[PDB]
Amino acid sequence: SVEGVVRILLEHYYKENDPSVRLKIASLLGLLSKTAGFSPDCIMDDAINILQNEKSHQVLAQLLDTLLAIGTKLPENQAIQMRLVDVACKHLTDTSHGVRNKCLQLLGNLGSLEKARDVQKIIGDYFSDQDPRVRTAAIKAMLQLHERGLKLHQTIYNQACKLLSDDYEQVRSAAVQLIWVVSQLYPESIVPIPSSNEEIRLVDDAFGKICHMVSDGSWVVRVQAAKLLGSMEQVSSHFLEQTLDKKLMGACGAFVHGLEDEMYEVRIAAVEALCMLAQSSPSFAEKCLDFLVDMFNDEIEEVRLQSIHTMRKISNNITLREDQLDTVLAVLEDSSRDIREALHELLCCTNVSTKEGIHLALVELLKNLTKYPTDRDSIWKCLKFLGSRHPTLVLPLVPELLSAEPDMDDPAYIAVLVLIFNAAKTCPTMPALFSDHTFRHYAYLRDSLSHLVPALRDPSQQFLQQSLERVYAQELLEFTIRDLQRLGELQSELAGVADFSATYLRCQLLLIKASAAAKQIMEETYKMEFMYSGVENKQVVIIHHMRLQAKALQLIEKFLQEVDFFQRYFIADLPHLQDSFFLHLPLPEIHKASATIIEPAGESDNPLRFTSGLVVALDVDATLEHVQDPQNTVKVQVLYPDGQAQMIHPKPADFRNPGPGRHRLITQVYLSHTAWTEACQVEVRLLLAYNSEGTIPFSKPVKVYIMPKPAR
Amino acid sequence: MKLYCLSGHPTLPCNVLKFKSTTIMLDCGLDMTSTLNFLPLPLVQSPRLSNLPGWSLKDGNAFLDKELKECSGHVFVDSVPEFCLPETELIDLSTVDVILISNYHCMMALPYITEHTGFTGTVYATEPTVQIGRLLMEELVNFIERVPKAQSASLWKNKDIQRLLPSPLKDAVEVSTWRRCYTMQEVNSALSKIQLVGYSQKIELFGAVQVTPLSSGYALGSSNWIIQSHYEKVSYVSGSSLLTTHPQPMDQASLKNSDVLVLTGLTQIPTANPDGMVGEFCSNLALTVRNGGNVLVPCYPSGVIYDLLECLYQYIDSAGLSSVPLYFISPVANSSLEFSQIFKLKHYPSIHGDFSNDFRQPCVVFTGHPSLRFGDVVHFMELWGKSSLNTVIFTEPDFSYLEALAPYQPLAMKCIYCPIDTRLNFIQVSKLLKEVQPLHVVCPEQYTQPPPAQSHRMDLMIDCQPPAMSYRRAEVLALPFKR
């Protein structure tokens, strides 16, 4: 009953004279226009008849809004689009600004993508209109037209550049965006500077113009330009290096003016631009390294963190010096643990050039260990990379670092041990300097912490291949399972597929031997699905087949609906699941995610005090490694000894991001209950939440001791 | 000239004044009573409310037995408190060019407007209002997101199912545009668009319009706007006070010669004497502190509290109460007191940490959000809800108190209700109108007809000639002036 009531309301609009009620009716039409499967194209002519005799302003605005909404609904009927363009150019000259906004948006979203009026020039005439909002909407329509796929003309740059000296805010940002895109269109063209006789590539003109634009008195446009400079690669390098000559103080020296501007936001945007343009060009990277290491002494922490990430992203494209290494390692003394973790991950890939540099790096990392103990698990891993990259610099440190025999519980001793073992793995001559007690220590850290110490002086890959082809019964399954476990603890680089195939064969064994074993099958399939990274459609087929087996076997109604769902979602795998309910599992290329609860340790006999009925705060600080988007699939679980369970979902902004594959989770958990009599223990652990609805425990739980003291 | 009134709420105003060229948005606000239909967000697992009897439908066509819960005769949605919002359908929020502001109690809805839907203008506000507004939005974002409960509830939201659930939920309005709160970065970026403005600091607009604020005496920096032109003058006066409090008293003389007085933000308690009710507050606090019991006084961490505390101080030395501490628990305490001073009470940042070492009973504990649905007040209202000695004393007219207190029933603590509204009452607004002589008046429908609860009175209706044109929620009025 759409067209009927629409025609009734149109006959009302014809007889009703109050413009506000007319606008009410028009809004009703606009809201009803979105009926999916209805033909309001029969009403487009009527809409044009309404706009052909209007006297108000907003009416035409929202009416052309409806026309644009319906034109975006059928963008293939080019005749309707040409009619809309016609009536728009008819109405384009209207005096009001809102109607002009609507017509320019209609042109932008419904322009002719074929190279028959030149809508480009018609719109471009409006960069000289009176109300600057009209010019803003005009540039926005230009952007919309371009982004649909139309390649634009050269002149737009030469017309937009005039707006650079305008005294309004959004217009300048839009102008910078237009220059950016049009120079990404015609970069190499030759434009002569009218202030001289020189002629430079158009990309260089664009770059210099954006640089000078950064010197504007508005900060929004400064953010815009600083960001948009980020992806400008094809510009000539000498101009770029000129943009950091602090001595020349606007087409040059922009970065210096930015990295010390008032609002830290433009500083951060400039850091991003520097990072990108340094990843593209290594010479400019080494040139800007000075200001980049200078950015460490910025008073606020977010620029610190971001500059740290960026500088680490250009490791091979820079070379650190003595003073640079000193200034970067002096930062470890900072209080914010996030900066510390970021700095740790930074140090894993730095290009150190001097042996005393490695000495001082180890010295400062050990100092950081002493000051902040909890950072332990970080430092070691970073050292795992330190020795595995620069063996020629650590070579003379072996006699001095090996120095009485310290005990096996000094984190510094173990750290330097891992470092020198990573060194010796890359040059087998250091094992001869390793003392007998050093060899005992190496054996201890080897059978204990093989995930840090390497295997000193690939057959394991072909060994895994033969072990997987041997299984293609229970005794061979057990033997292969323990072989996979032993090799996974032997080589951590391959431990991923090791535990993958281990739990797969575990499921196979528990299924072939077979009430709770079905639940165990289900949980192992759950873990292989969710807790792991890098699964392909083949593995999904296999694990869903195992799930079907598990449900069919736990049966001894819903089974038929679920196998129907399986068939519907797996229409492609059916020619690949021949003779199914053994099914081959390919081992793809893999890392097992995990969780390391660190703060607090709970081993402290000093408990946490609380009063006779009140909250108490518990700060959880735990790192995660190679987790797939932890913002969703991670929760913290609290168990009181009674039997209840609190499942605290953590907020988004509490999962910090220090580096690739590593994430940090610092959060607050609120411990209390009904009145407590005596000091007791509580359980806090992690959980992986999945929706196929379920929870998987994958961290070693931490028991915290809470002690009462009734209030005063 | 047009007036797209969005927020039908009577004292949390918001309206789009559409003009010749600009389209200004006078004081977009956030209806917040929508949080009363939802359960609370207690800090620790509340044993009484986790095991409520899951209410069931009579037919049971759907599994509503997990969404709605039943407690002592009222059934509630189980979710995060999905706040109310100004309708976002009449006018597209991008055409708006300038958003003014009156005072913090009305700016809680800027993140919803200028960040989620592509707003392009710049908002004006005095300095104290932007400060206290940052502070309020901070406590809100820090209360709702301390133990997130994102598990939603969607089946109830349909119209068909809604028409089958009894009051109070059937009383809900526009249930399809209710949203979870906003996030931290959102408000922090939104407040960056502020451009401070002092009093009588003439501001221009596109060579077309002129705006200027005037001190209004409601609160620090609270302001009555003036939006005039070469031919028209609109005098927005939203929530002013004539009782001479600390703020610089209002300029009731500049609003003359006006053409449209969009009068919004009058009292909600027309039959309540502010001074007498403050006396009642002090009375009950003394009565239940001088016997041993506690007291729990919900109040925003700004505004009326600075009134209340002041009186309480003048009461401490006129009744000899020296031996009872007076707390202030909120995650915005320090900045709050600093901004009250630089323009006995021991403030604290949060109930966890330091506070648990100064707890001496009896005490007095002003706390977080006064809709008894999140913050800290939930924790105490679950701690003292069993001893007939203790006491809660509401001092906020915003949220109707009956339903507010309801989802903690059956409770055995007293619950006084003595609301303190320093706003313009109706005899004062009649005198103010006859003085300022506005050519017209625009007031929400809650005013030109007497209140519902007290139908027999006919004196609390705003009496003015010509008759006061009114607006209903999400309506488009035409101020009948022809150029």
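Swiss-Prot numbering applies to chain B: residues 1-343, 372-511, in that order.
Method on record in the header is electron microscopy, 3.9 Å.
Using the three backbone atoms N, Cα and C, a Cβ is placed for every residue, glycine included.
Swiss-Prot has this to say about the protein:
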type	residues	note
BINDING	B:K2, B:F19, B:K510, B:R511	1D-myo-inositol hexakisphosphate binding site
CROSSLNK	B:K58	SUMO2 cross-link
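Annotated features, which come from Swiss-Prot, shown on the structure.
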residue : record                                        : DSSP (3 states)
B:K2    : 1D-myo-inositol hexakisphosphate binding site : strand
B:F19   : 1D-myo-inositol hexakisphosphate binding site : coil
B:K58   : SUMO2 cross-link                              : coil
B:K510  : 1D-myo-inositol hexakisphosphate binding site : coil
> At its widest, how many Å does the recorded 1D-myo-inositol hexakisphosphate site span between Cα atoms of B:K2, B:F19, B:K510, B:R511?
Replying inline: 13
> Is any of the recorded positions B:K2, B:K58, B:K510, B:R511 near chain A, in the sense of a CB under 8 A from one of its CBs, and if so which?
Replying inline: B:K2
>> Going by Cα-Cα distance, which of the binding-site residues (B:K2, B:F19, B:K510, B:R511) sits nearest to B:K58 (SUMO2 cross-link)?
In response: B:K2
> Over all shown protein chains, what is the count of other CB atoms within 10 A of the CB belonging to B:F19 (1D-myo-inositol hexakisphosphate binding site)?
Replying inline: 18
> Within the chain of B:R511 (1D-myo-inositol hexakisphosphate binding site), which residues six or more apart in sequence place their C-beta under 8 angstroms from its C-beta?
Replying inline: B:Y231
> Which residues, in sequence order, are found in the same chain with Cβ within 8 Å of the centroid defined by the Cβ atoms of B:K2, B:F19, B:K510, B:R511 at the 1D-myo-inositol hexakisphosphate site, excluding those residues themselves?
Replying inline: B:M1, B:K20, B:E232, B:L507, B:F509
>> Most Cβ neighbours within 10 Å: which of the recorded positions B:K2, B:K58, B:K510 is it?
In response: B:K2
